[PDB]
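The structure appears right after this line, and notes come after that.
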Amino acid sequence: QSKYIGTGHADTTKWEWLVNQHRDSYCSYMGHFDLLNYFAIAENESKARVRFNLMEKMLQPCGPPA
Amino acid sequence: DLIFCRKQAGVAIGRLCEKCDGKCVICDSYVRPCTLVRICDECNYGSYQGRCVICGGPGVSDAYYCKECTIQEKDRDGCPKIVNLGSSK
Amino acid sequence: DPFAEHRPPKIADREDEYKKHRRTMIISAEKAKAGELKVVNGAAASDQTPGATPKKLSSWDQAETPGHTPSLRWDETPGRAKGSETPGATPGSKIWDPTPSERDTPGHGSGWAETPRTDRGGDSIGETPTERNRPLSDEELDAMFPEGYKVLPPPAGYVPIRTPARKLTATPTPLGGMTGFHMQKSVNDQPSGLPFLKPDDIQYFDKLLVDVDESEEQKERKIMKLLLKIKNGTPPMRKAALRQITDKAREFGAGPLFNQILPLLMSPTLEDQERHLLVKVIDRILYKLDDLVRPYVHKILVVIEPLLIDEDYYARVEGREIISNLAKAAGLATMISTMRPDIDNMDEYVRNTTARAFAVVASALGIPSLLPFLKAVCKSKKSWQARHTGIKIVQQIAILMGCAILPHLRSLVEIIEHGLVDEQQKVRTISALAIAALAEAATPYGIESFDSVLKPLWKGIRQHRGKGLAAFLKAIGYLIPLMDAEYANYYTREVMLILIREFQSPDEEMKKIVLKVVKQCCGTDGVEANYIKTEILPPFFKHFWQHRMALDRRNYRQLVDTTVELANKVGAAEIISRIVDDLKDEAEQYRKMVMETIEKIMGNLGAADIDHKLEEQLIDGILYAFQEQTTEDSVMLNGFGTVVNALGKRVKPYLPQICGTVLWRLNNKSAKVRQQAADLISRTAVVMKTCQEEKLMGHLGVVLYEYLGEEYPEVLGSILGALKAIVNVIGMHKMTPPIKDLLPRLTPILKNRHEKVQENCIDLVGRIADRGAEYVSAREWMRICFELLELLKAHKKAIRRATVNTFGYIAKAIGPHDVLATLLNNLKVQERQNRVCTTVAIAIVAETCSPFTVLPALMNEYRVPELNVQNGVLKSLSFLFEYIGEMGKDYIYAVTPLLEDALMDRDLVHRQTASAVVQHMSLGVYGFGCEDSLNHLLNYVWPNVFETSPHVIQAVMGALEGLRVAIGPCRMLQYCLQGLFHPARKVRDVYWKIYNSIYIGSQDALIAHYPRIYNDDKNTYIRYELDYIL
Amino acid sequence: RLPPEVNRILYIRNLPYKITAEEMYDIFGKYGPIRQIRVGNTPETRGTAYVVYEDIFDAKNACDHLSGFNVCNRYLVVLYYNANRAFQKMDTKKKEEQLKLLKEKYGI
RNA sequence: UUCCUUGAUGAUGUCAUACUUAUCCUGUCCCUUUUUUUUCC
RNA sequence: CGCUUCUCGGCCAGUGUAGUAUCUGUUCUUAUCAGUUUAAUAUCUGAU
């Protein structure tokens, strides 16, 4: 369980849980080709610049911890 | 004292003895064999060539997984070669 | 003494002279170079310790990368006080000159010990130029005795007579005395007590010769005699007492414990069992205490390590288990800082074992943790004895970690090379030996990592005399498989010579070695056939095949192997030809050997090669052996079977001689040998068939049929077996004892109590009631039913196994209602009976006609007030759905309300088993669209979540996992939100455990189902993406 | 011709709590010179005693004849004392002086 | 303006009895083999 | 020994490893504050 990421425990902080689901949101968005294309259409960029941006936002999302 | 090695899942077909022969390994059960067992030659090697994935005797057959453990997708975790929590021999 | 007779078949010593020291064991950056001059200086002050300094500087080669951990490991090795001082000073000089470009006590006690042995041994060296009885000092005497005793004086006249005693022991040994009895309100019953105290054990449990309260520590010791309830007494006592100690782990603390065990795990008189149990206590408490055990660690191994050197296998494996549990349990630097000084300990034993220790601790904490230590050791320049050890360590690492050694292979070797050239011998010897073991785990690989090793080895091969020599072989041999048969080609061609010249030695270590080699050298693809045929064989069969060998165990095996592989190459008839003539050599173990060898060979190569005349010599042989069997052993029997099934219809001329013996033997010779011949038929059935010797099938059918009145179990068993295999060849309607005769004839046997019977019988009955099953009028069957029913008292699994499957077969023959009505007979009043396998009948039955029939009977039968049969019916549903799968899409409704009732309490068990039903249903239905109900049930499940009761819980985990796949997450997760953060601990514990189980599977799905979450000051928890609208 | 376990020590029990070193020294005195004795003077070990001789075979003759021997109305449990165990209350040491001494006089 | 009996837990006790795991009741011996190198056309 | 006649008799209290559930007995609702602890209690730890 532990070496399988996204594992929680009862000490789980708010922040960590949410950052988790961010990241996983992302590897989905890189995953599901369409969903990606959806984003691309909306906010006009490349597919690439999308994926790139995302892979920037990976570690950050929500901003610094507490 | 008795728990999985869960080292990475190789291509080596599993091997079971007389005793263990029917059992879908994790669901302990005879029901509905469908799909096939893989373990690491690390787990499975040498004196372990055709060794029981349980008891330490010679393998006469090949464990099939249940369907139950199938849809719960467990068969794909680390190689179910049970280690006694002493060494494996 | 006779009590010394039946008490010695209780337990027994098992040990050599050698292993009996156990009794003796009393309890517990060029300025990086000139820097090494510095480090050496300062530590040397804080004398002479080597491999310390090397564990220090051994953090060099990762350069830039060495850290705090240096203070950790070193922190234990030296007194953690000086630690800070040094490693601090170091880190300073290192960062800077990086710019500008009790333990100690313990070892002291060792150098003591050997300085002493030097003083004495030298005293008889000049005294010879001129033990336990060694006299004693009062300082020493006080320490040995525990606390709490006065020394005395009776009188200086009293102690003067004592002083006079020896001189007057000879003097008054020769003087006058004799003793005279005279012919002529007692009291004082001594309390010797509480399960029981052997006489010897008084010494330990003496304080249970006192009877008091109000003494506090001493109340903890005096309460820890719970042991004795471990050591001796009744099984239940052992159990309960055992837990009571486990939960009292944290409390009493290790110190008191091990203080009170290690005497017993040291007991000169200890058993087997008592040993093994007291191990159990050491493991079990070692699942708990972690930081705690530190001061005790060595003070443990000293007992345990001897476990490594034991005749009993299961002994060893326990030992290893706990030495990991300790080592991982304690800290690494604990283990090290502990275990240096045993390296140079005079006794080779303690080294030897000390290695295997380090092997284990290394399996625990990984090699690379431990390397720089080893690598330090093998470069210790004080003395070799270490290096002998450190190398050994490499080995036992090799053996244990085995196939997994692979990655650090190169480093390990990079240790060990510097040995081979050493001045001392052993160190050479052992070294190479390790290389061997390595390669034997390196199969096949890492060749060039060994690479720089060879060129000495080959040269070394030339010049040697002795055990070392053949050792180097042990290596090379295990190498060759690893080479390129062009390079390997050459090098091979060199060895097979020395191999030749060396067959002949008297050494057995040798013959093992050179043997296994040939397996490999001529065990090769890139070696030429004839060449073996000429040079090797005739020696081989000459010197090796001899009666020395086979009596021993290993040599037996290793031999068989080798000869086999020479077959796999030069062919079959070659070998077998030469060893046939020895089936008729008298002594068994030998015969047994030739026999199994052949068996394999015609296993692998196939019969097809064999000529004719030789073959006559086979079968004549394989009878002649088979006719004389000391015990009944699988060997000759199988070996035969394979012989025949290989020869196929080449066999046919030979039957009459076979079956002739088969019968003749079969009779007389009194019954012990009978079962054998029986089996012999078992295996050769198929051959009696396809060739179409039917008169034979008349013979067997009927004459076996007679024995089924034989009273010995161990015959009748094999008899039936023969019958079964006879059935699998000749079909039903051609059976010469036509079934009508037979099947009833069996029927009454089922009482037989004895095992092998019940097995082969129910097996047989099964085959026939499956296949023919019409032959026998129904009435007979229903008799069979009411006889089966109590076969379910079987201690064994397999009986019940096929038992059930039969129960089904007949249930097909007749039709269901009755047979479940009949199964439905098992009741809640008893329990062990109709424990479950019966339920399994209800299941399989319920398939084998449309279950769609049977339910109403079943369901209704949950009405009955008798509790345990109620839960029975629940499981019935369980296995039931597990066995039906898709079909559940119907009767689901039927059960659902019932699941509601049972799932609502009466008691746990209802909720447990029922919940299981939910599981197997929930998988089976999957995605046909019946969720709705399953949602409904989810409710009555849900509250069960909370309990400690292991079966109830792992049941529920079962439930919700399956239910996940049926309902889908999103619904689940909608039960698991609120739980996560709930203030309490209890709930969070669980709702997390659930949400994990949801989480791992279907992580990919979730994304949708995390709800919106409002972003706070420092952060944004709203995922803005999804709201982009075109 | 001896079992290895037995040692110059014997555990000795079934004693009265009045009983005399005079009695003791005398009786045990038969087999050989006493290295020394201890008597449990303590709440628990009142009733028992240890005995140690200048030789084992002394003690062997002891556990031989004194086996189950009588004193007062009592029978004395007579056992070869175990060893190792709890002693390490006293740390190993005291070498340095002494082994320098043999180092010195005899020079060896 | 001058009046009744009662419920319940928790903690500590080696009492008592039901029961749970297709657990268990047969597999199983194999690298413990250790010594101051020392087997002669 | 065979045949015929007559008389009598026969048959269609197992064991081992892990673990839970449930009764009864015994002790406490009893003075303040400081820490540990708990969802909150409780419980545990000190002195008047």
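Chain D is numbered as in Swiss-Prot, which gives 12-119 for the residues shown.
Per the header: electron microscopy, 5.7 Å.
Here the Cβ of each residue, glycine as well, is placed from N, Cα and C on the backbone.
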Legend entry - Among D:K29, D:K100, D:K111, residue that the record in Swiss-Prot marks as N6-acetyllysine: D:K29
Inset, instruction - Name the residue among D:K41, D:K71 that Swiss-Prot annotates as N6-acetyllysine. - result: D:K41
Legend entry - Of D:16-29, D:72-85, the range Swiss-Prot labels region 'Interaction with pre-mRNA branch site': D:16-29
Inset, instruction - Using DSSP, tally how many residues of the region 'Interaction with pre-mRNA branch site' (D:16-29) sit in helix, strand and coil. - result: 0 helix, 4 strand, 10 coil
Legend entry - Which of D:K29, D:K41, the listed modified residues, has fewest other Cβ atoms within 10 Å: D:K29
Inset, instruction - Can you grab the distance from D:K29 (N6-acetyllysine) over to D:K41 (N6-acetyllysine)? Cα atoms, rounded to a whole Å. - result: 22
